[PDB]
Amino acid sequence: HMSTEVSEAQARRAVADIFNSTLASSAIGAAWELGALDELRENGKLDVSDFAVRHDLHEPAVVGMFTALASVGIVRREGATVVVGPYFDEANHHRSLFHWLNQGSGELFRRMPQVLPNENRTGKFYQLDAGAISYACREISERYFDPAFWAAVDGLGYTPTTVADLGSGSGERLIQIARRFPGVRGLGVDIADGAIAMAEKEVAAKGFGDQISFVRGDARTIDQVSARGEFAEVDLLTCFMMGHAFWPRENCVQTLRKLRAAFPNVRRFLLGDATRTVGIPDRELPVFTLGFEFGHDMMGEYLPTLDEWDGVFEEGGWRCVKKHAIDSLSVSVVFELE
């Protein structure tokens, strides 16, 4: 029961499940993106031809997708219908982690044997699908970081007037703050013009054109940023799912110091990220963990543990006054700093 030694028939079944999990795993992401996981969540079942027709999909491949999900118990096939399976709720809950792993990071993991050799580790030595990462990170943010984020907003003690968001992405965080604090002004800062664009768009659509603005920027050197005339007035800083990019340490320490000086009227800084775990046994790794850590190690990108964050704030010029543990995203955390 998880740590054993086995029959030939058992080893056969297990290896086959590894193989099929691979296709299932890729199908969870795709089934989310194509609208099937929603239809099933709402209705508990669906008709595959009907689905393939309504969405104008090559139907043999659609059968293949459901059969892959059925092979490991996420769904159950019955004649022409697919019904939710025993593992539906949990796989649907984590679907964006599957999307992230496959649709987003698949190239990296597939090219494992070209990535690992030193001779190869320079220049553009791996490729991520940026638009798929985005798509997934949008739901990861909402689904995993929202409770703690909102709790931290609730503990602010004050009402912000001007909020800065580092790595703003979709701009959805700034928009929901806008909804929460009528008459606040918001300022996103991403490194990706693609994200800038989608945000300006997503904002205009919601009618927060006057409230919210963005800017191409590298938050690790916030000082060398055209637009730092609006920073002085900001009283709330946020930074979610990008913080590990401040690292390695002395760069994080400097970035934190630069951030302290650049935003001297910031009262609260809210910083959320996933972190590198320690000492979890191989056969008990939960969803996400392995992918996040291994991927970062393949890319050569540093990932701090939680103690590495805790031990850096003072030197960086900030005090941690509240900490929230995140549910179900490896070991992830929100810090409330001042």
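Note that residue numbering follows the sequence shown and begins at 1.
Q: Can you tell me which stretch has the higher mean Cα B-factor, 135-143 or 256-264?
A: Result of the comparison: 256-264.
Q: For the stretches 266-274 and 66-74, which has the higher mean C-alpha B-factor as given in the deposited record?
A: It is 266-274.
Q: Could you tell me which one of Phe208, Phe240, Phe98, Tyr87 shows the highest CA temperature factor in the PDB record?
A: When the deposited C-alpha B-factors of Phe208, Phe240, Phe98, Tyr87 are compared, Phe208 is largest.
Q: In this PDB entry, which of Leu116, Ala164, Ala152, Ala227 has the top CA B-factor?
A: Within the set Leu116, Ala164, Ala152, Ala227, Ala227 shows the top C-alpha B-factor.
Q: In terms of the CA temperature factor given in the entry, to which third of its chain does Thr4 belong: lowest, middle or highest?
A: For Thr4, the deposited C-alpha B-factor lands in the highest third.
Q: Is the Cα B-factor recorded for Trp247 in the lowest, middle or highest third of its chain?
A: Middle third - that is where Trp247 ends up once the chain's C-alpha B-factors are sorted.
Q: Just say lowest, middle or highest third for the CA B-factor of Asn120 relative to the other modelled residues in its chain.
A: Within its chain, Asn120 is a highest-third residue by C-alpha B-factor, going by the deposited values.
Q: State the tercile, meaning the lowest, middle or highest third, of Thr81 with respect to the CA B-factors recorded for its chain.
A: Middle third, going by the recorded CA B-factors of the chain.
Q: Based on the entry's values, in what third of the chain does the Cα temperature factor of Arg179 lie: lowest, middle or highest?
A: Highest third, going by the recorded CA B-factors of the chain.
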